[PDB]
Amino acid sequence: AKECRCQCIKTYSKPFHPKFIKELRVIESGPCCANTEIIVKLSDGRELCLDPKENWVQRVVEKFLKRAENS
Amino acid sequence: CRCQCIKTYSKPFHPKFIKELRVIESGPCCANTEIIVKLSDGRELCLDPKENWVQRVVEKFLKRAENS
């Protein structure tokens, strides 16, 4: 399919500081993708897919969310 | 480079139908942080990131999605 399918072919495994994140996307698992997908947009203009099951990823997404909620 | 929201949604809905979450931080495109959630029914609602109930709903969805 085109729209109904997983959006990530691979995830970025190298940990980085949430300060480089400007946008976050969280797509829960369901009919169109067996797994939850997390895509972040960096200030370098890159769109990265992250592993939602990785602890550092969860902490990084948490820190960005709280900061954005303060702006 | 514009805002994705005109007005924020305040009417009651069941969070359990949220299937996707989007958070765009403020900057050159939009002065305020924007929070957009996609409901199963396809609807897209803009929520106020400054409201405490909103922050709780977003948090709960995130943890649930991370459990999959």
Side-chain angles (χ1 to χ4, degrees):
Chain A
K2 180 193 63 174
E3 310 225 320
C4 193
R5 55 141 188 110
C6 286
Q7 298 294 308
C8 307
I9 199 63
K10 54 100 204 115
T11 55
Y12 186 75
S13 268
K14 267 274 181 177
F16 60 82
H17 189 285
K19 73 192 216 128
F20 300 105
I21 301 177
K22 52 202 195 155
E23 211 216 272
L24 156 76
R25 263 187 96 209
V26 183
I27 317 176
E28 210 201 1
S29 55
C32 299
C33 190
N35 310 112
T36 284
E37 296 199 309
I38 287 165
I39 309 150
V40 298
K41 208 171 265 149
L42 316 204
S43 35
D44 347 348
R46 265 193 297 178
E47 272 196 8
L48 302 169
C49 280
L50 308 181
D51 198 341
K53 299 303 208 350
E54 271 161 17
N55 288 157
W56 81 258
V57 172
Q58 295 171 3
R59 295 189 283 253
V60 146
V61 167
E62 194 34 48
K63 254 114 173 326
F64 163 81
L65 178 61
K66 276 299 195 219
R67 179 181 91 232
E69 277 169 6
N70 287 4
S71 284
Chain B
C1 196
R2 72 147 168 65
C3 295
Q4 304 283 323
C5 301
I6 324 303
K7 36 93 217 51
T8 51
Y9 199 73
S10 206
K11 273 122 201 338
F13 72 90
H14 314 277
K16 87 189 233 147
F17 285 125
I18 298 172
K19 50 160 178 193
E20 195 201 303
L21 164 80
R22 199 161 151 242
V23 188
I24 319 180
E25 207 199 355
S26 29
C29 293
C30 198
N32 310 109
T33 288
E34 281 177 319
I35 290 195
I36 305 140
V37 298
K38 206 178 186 195
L39 299 186
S40 177
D41 57 36
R43 277 211 297 303
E44 274 197 4
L45 322 151
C46 288
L47 308 183
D48 186 343
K50 288 176 202 163
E51 294 292 349
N52 283 124
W53 70 274
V54 171
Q55 315 190 349
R56 223 150 36 238
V57 149
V58 159
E59 196 55 73
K60 279 161 142 269
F61 166 80
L62 196 70
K63 293 303 210 171
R64 161 179 115 222
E66 273 164 11
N67 279 28
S68 354

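Reckoned from all heavy atoms, side chains included, excluding hydrogens, waters and symmetry mates. So that the names make sense, note that chain A is the first sequence line, chain B the second, and so on, each numbered from 1.
The distance from atom NZ of A/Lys41 to atom NZ of A/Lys22, rounded to the nearest 0.5 Å, is 7.0 Å. One finds the OG atom of B/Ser40 at 11.0 Å from the CD1 atom of B/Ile18 (value rounded to the nearest 0.5 Å). The line from CG of A/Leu48 to NZ of A/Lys14 is 14.0 Å long, rounded to the nearest 0.5 Å.
The closest side-chain heavy-atom distance from A/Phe64 to B/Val23 is below 4.5 Å. A heavy-atom distance below 4.5 Å is not found between the side chains of A/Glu37 and A/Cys49. The side-chain heavy atoms of B/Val54 and B/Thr8, taken from C-beta on, include no pair separated by under 4.5 Å. By the 4.5 Å heavy-atom criterion applied to side chains, B/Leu21 and B/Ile35 are counted as neighbours.
At distances below 3.5 Å, not a single donor-acceptor pair connects side-chain atoms of A/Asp44 with backbone N or O atoms of A/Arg46. Distance alone, capped at 3.5 Å, places no donor-acceptor pair between the B/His14 side chain and the B/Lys16 backbone.
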Pair A/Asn70-A/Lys66, side chain to side chain contact (heavy atoms under 4.5 Å, CB included): steps then yes or no | CA-CA 7 Å; A/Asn70 287 4; A/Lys66 276 299 195 219; 5.7 Å; no

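Of all non-hydrogen atoms in B/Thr33 and A/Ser71, the two that sit nearest each other are OG1-C, 3.5 Å. Taking every heavy atom of both residues into account, A/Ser13 and A/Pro15 meet most closely at O-CD, 3.4 Å. Across every non-hydrogen atom of A/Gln7 and A/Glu3, the tightest pair is NE2-O, 3.8 Å. Nearest heavy atoms, A/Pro18 versus A/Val60: CB-O, 3.7 Å.
Sorted pairs that involve residues 46-61 of chain B and meet salt bridge (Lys or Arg N to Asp or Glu O under 4.0 Å), not counting sequence neighbours, are lacking altogether.
With sequence neighbours left out, A/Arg67 forms a salt bridge (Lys or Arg N to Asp or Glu O under 4.0 Å) with B/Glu25.
Annotation for A/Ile39: hydrophobic cluster partners, listed by chain and number, are A/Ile27 (ILVMFWY side-chain heavy atoms under 4.5 Å, direct or chained).
The number of heavy-atom neighbours closer than 6.0 Å to CZ of B/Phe17, taken from other residues, nucleotides and ligands shown, is 12 or below.
Sulfur atoms SG of B/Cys3 and B/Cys29 are positioned 2.5 Å or more apart.
A/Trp56 and A/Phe16 have perpendicular rings, their planes meeting at more than 60° on a 0 to 90° scale where under 30° would count as parallel.
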